[PDB]
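>>> Give the three-dimensional model of this entry:
(chains A, B, C, D, E, F, G, H, I, J and K, ligands or ions: 3)
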Amino acid sequence: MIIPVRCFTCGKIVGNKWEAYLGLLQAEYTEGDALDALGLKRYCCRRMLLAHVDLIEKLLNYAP
Amino acid sequence: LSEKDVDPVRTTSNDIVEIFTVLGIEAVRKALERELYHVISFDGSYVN
Amino acid sequence: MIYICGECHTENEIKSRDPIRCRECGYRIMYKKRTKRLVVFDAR
Amino acid sequence: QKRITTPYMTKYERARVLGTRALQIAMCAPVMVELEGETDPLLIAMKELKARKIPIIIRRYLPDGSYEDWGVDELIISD
Amino acid sequence: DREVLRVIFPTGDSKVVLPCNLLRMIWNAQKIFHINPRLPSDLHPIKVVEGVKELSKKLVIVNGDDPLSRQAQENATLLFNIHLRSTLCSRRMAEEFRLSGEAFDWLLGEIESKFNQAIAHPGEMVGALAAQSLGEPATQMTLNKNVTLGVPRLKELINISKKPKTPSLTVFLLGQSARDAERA
Amino acid sequence: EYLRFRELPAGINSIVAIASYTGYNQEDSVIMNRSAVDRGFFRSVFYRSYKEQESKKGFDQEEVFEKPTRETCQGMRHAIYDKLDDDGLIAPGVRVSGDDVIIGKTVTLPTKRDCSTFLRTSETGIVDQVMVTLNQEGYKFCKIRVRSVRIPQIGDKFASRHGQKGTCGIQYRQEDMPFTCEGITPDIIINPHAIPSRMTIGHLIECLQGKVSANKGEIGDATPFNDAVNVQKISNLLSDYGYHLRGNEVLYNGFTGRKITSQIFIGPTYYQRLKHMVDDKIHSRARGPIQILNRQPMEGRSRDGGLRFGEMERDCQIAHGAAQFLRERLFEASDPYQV
Amino acid sequence: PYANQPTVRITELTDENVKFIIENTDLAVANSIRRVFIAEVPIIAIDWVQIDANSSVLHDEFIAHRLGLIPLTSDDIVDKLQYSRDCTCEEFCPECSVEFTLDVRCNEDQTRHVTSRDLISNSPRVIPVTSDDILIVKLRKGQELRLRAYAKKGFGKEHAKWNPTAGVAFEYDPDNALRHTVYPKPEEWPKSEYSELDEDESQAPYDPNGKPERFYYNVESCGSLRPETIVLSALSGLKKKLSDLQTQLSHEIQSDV
Amino acid sequence: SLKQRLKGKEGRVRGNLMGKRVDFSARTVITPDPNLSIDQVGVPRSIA
Amino acid sequence: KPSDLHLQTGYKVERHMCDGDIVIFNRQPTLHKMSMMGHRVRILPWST
Amino acid sequence: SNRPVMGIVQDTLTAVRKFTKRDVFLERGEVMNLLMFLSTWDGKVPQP
Amino acid sequence: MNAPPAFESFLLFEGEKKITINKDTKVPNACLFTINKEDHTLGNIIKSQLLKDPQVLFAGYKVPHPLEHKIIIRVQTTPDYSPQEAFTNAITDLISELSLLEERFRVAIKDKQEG
Ligand SMILES: [Zn+2]
Ligand SMILES: [Zn+2]
Ligand SMILES: [Zn+2]
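Numbers count the residues shown, from 1 in each chain, chains lettered A, B, ... in the order given. Ligands and ions are numbered 1, 2, ... in the order given. Provided below are the atomic coordinates:
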């Protein structure tokens, strides 16, 4: 639903990189370039953001 | 079996009922063992 | 016994005898409010 | 005397003799063998079996209806 | 014994299933007693002959001294005794196994001990054993000149049927027809 | 793209090492990273809803929602009725375990019997929602959702997308797991012996392509009949990122830190947690209730039933010759009776 | 007296990672060091969450799990703090835990991002490392999150949230002189960043008398501790485990005699 | 009817006499344990 | 009440299954003798 | 089938084949680790 | 349902000995050290340090079961040397190495930070 706080493999913090990752993609960055810009070098961390699905955005559409 | 030039000692039928009515209960006992052994050992499987 | 309306989200006090129905909009689906008892979660 | 059955104890006789003797020991029956720090009734029965002290007679029924009574000490234990 | 074997196994297949592994027992004796195959043996050939004769009497499947019991006892252990005699023969005990007197005495004890352990135990539910032994393989058999095989054939044998699925008749030619394709 | 799988995914991309590590992944078993699980790796929620309806039907018989007092109500159980609110309904946010009453239902006796709903014995969750309304029949209707968080355990089923299912055989912490020179540990270790007979080569290609996708930053294309994608092409791409072209890496034993002599095939693979969780299947019986007709142990895990000792087990014990154990199972442990 | 005489060379030291080489050690000591970086270096993390209000789309223990994983500053306060199990107080106190508060209400039409910046600690020494910020939950208009959390001391051997590392790169014998790994085709394998070989040769010549003696580390920090503090904390913690063990061993030896 | 109750796999004889449900039995998933003996079984504490 | 907890010879204590307890452990379908074998119980801390 | 019903399997069988190859050599430390997992070991380290 | 507490792998329950010494009857001058709530961390360094002692004939450790939290260390020494004495010396050597490593790492940090 929401970006995991840590990378599952190594425990690097990735929950502060989703909005930055989205912004970089908005800036015409390629996914590989955006991940590099965020410092995610290990492919375990790149996996976290490259494969994340932000369903919480859909859930916020439903009224509480 | 009665036909000339046909071996009446080794000529055999895979039909168990035919063996029983022609050769007897002991022949079908042996024939039944051989036929059952054939299916078990067909794929190399071994049963005591 | 407070009940939140499933549509208009209005806390309603319903006794064991009176019908279950929103006071304001009349909606028929109610939800119990979160218990005052506080549960402890280990953050694990 | 005049016994035709095997002089060896069968695996099924060993299983029941040990199990039956263990229950007897578990029910405070006197232990025929000297035990040192043994409290499990089933292990005690094993010591008695090895010592050939189990006070049990195996009655082997023959197909004809007759039977042969063998003392557990008489039979040859597998071990 | 050689001629008796030829009747029992006309196909000449010497692979059999017998209680005691004599060749491995001899190998154990050689290692246990440090038999030196190069040196001459101290085992008298007659002790081999007499020792095997005494051993055969100890391996009893049908006890009893009456002629009917004696014949059944002879028949029950016929194959093993032939195998025992052709393995513990004096010629071979001195030529290749080279066992000593002490090793041979131990060998006779092992055959008796292991043979008695092989005897079926009264109370053994051999029928249930046979059903599972012939049923467990069926779980790995396939289903379907061509001849029926596998599970469908197994059914025909146990469901004995007037009309088999694939009746067949193996005919062996007797005279010159066997070796002549034209005459066959 | 047309199955909406991106919008509603059913799995996680896992760093999977195909290695024989400690023997705990043999025979289709899986080693999971305990540290990864501690970070939410394959964490799931189990939601179970209980619906209860109070209906009045009969001359003087009716059902109501209320807390059944042990004295007032006839029927009763050893469960706990303290959680129930005054209206007979448990409240949201309350922890509930096995043998807990979530709905207090009393039916007037022709004083009153107890028909209260007992939470599933195994279930141990938190009341999520308590919905009350009128059902189609106009009767007061309550649905209670109990939320239980399921952390992957030993015995939970996991599958790749290639028919390679397997329960978790053990969970090792990050330091115990084997690591690459970069400090990457596999989230999952599967036995190499699962691949040869099954011939799930697509699993190996997905792992290789997954490695390129994660390094390149592009979602890989695994459409079946596509000549534009080959193993050699994927291997050549992987070389460009400083990895062995065949997806192997030098792994270090986590217990000793020594390099493993064989290089391990490791890379990202999409795995999926299967519905089958061990805690939903574990069942133990020791003198439970018996059924009315046969007076034998009940049937079903949810009914605390006994396991069936069928004809095949009966036939097996006959071959064993265990006559007394056969008598225990079929007489003493099922329905001992006297006439 | 057969102790090693290790030497340390720090190659790179940043705020996130420390890169260093240890020489003249056994492989067991080098491995036990990395293994303590991950599992036995204490830090402070949230381990006790009490949710007063949660109208978000994430259930209560979903939120709590995220709060536990949020790194908190632990550089010097972690040594002062006692383990709550060891502490003689009640459930919690300032000497064994840090109290946290989170009270966010969304009333604007724009989505409200509840981040680690919304976590307020009762002690300035222990705060979320980000204070982009880690996202805890996104709130819709009319949704609120009101909770209080206690952060306590712990290490990664218990839960991964107390693991202070974001990846511990460990390496030795980059040229495979010891042949601890056998390459079927050595030419196919990329050279290590620490490889001292020329481009033409792929493997160093086999060393029959060689032993793992030089070890390369890259200890990346989650943020709770400085990367150099993780290493020092590991070395002192590993020494503490051994010194504690020897005290027990001394009693056992004395007790037997 | 009465006849239906007695015949079949789930009938009285085969379903309740030749085989039946028993007390003191447990069921759960099996996982490998190379550190156990061949004659050992690892058992959960809840079942024990 | 400890008075009722006092044990004397001839009493039976239904104690929990412990390490070394002999159990029969079965996998279905039970096709042959090895489908049901005896095991010594070892208690380990998980649900399988 | 008068033969063992269980043997060595996936990892142990694949590894024992590698282990018993002619060119497998173990250092002093490696050997002492393996003997820790040999319950029947007499405690005497064999001559290399 | 049967999940052990996470702390159970490093905390001793009341009445549990951290380390116990049992003489090995198979061979002389051999003792078995059962250490509770320890894993490959201490088992490997102690074993490797013992192997550096020329008077230690056999040094080895094992985790009998990963789900349990015991390590068994088997030490055999020469007749003139005790396994217990080898064990104590091994720890002191490890402690000296770690303490020296701490000092030299602190110096490295200061040198790197200074310039
Ligand atoms: Zn990562
Ligand atoms: Zn309303
Ligand atoms: Zn305190």
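>>> Which stretches in the chain count as helices?
No chain specified, so I'll use chain A. Applying DSSP state H to chain A gives helices spanning A:18-26, A:31-37, A:43-50, A:56-59.
>>> Switch to chain J, please.
Under the criterion DSSP H, helices of chain J are mapped to J:10-19, J:28-35.
>>> dump the residue contacts of residue 16.
With no chain named, the answer covers chain A. Applying CB atoms under 8 Å, 6 or more residues apart in numbering or on different chains to residue A:16 gives the contacts G:115, G:116, G:130, G:132, G:133, G:134, G:135. Bear in mind the C-beta positions are built from the backbone N, C-alpha and C, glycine included.
>>> The chain in question should be chain I.
Residue I:16 is in contact with residue H:48, counting by CB under 8 Å, 6+ apart.
>>> for the helices of chain J, which one sits closest to residue F:61?
Nearest to residue F:61 among the helices of chain J is helix J:10-19 (62.8 Å), distances taken as CB to CB.
>>> Is chain F within reach of that closest one?
Yes - if you take CB under 8 Å from any CB of the partner chain as the test, helix J:10-19 does meet chain F, through J:10, J:11, J:12, J:14, J:15.
>>> what about the spatially closest residue to residue C:10 that is not a sequence neighbour, how many neighbours?
Leaving aside its sequence neighbours, residue C:10 sits nearest to residue C:24 (CB to CB, 6 or more residues apart in numbering or on different chains; 5.2 Å). If you count neighbours by other CB atoms under 10 Å in any protein chain shown, residue C:24 ends up with 11.
>>> Ok, the one 3 residues further on next?
The burial metric for residue C:27, expressed as a neighbour count using other CB under 10 Å, is 18.
>>> Not counting residues beside it along the chain, what's closest to it?
Nearest residue to residue C:27, sequence neighbours excluded (CB to CB, 6+ apart): residue C:7, at 4.4 Å.
>>> Can you show me the strands along chain D?
Listed in chain order, the strands of chain D (DSSP state E) span residues D:57-61, D:67-71.
>>> I'd like to know which of those is closest to chain H.
Proximity of the strands of chain D to chain H was assessed by CB to the nearest CB; the nearest stretch is strand D:57-61, lying at 25.2 Å.
>>> I'd like to know which elements that closest one is packed against.
If contacts are counted by 3 or more CB pairs under 8 Å, 6 or more residues apart in numbering or on different chains; DSSP states H and E, strand D:57-61 sits against strand D:67-71.
>>> Neighbouring strands - and their directions - for the strand it packs on?
Looking at strand D:67-71 with DSSP bridges, its partner strands are strand D:57-61 (antiparallel).
>>> Need the contact partners of the strand it pairs with.
Contacts of strand D:57-61 (CB under 8 Å, 6+ apart): D:5, D:9, D:13, D:17, D:67, D:68, D:69, D:70, D:71, D:72, D:75, E:122.
>>> Go through these and say which is closest to ligand 2.
residue D:17 (79.1 Å; CB to the ion).
>>> Over to the closest residue to ligand 3 within chain E. Which of the three states is it?
Residue nearest to ligand 3 within chain E: residue E:139 (63.9 Å; CB to the ion). Following DSSP: H, G, I helix; E, B strand; the rest coil, we place residue E:139 in the helix state.
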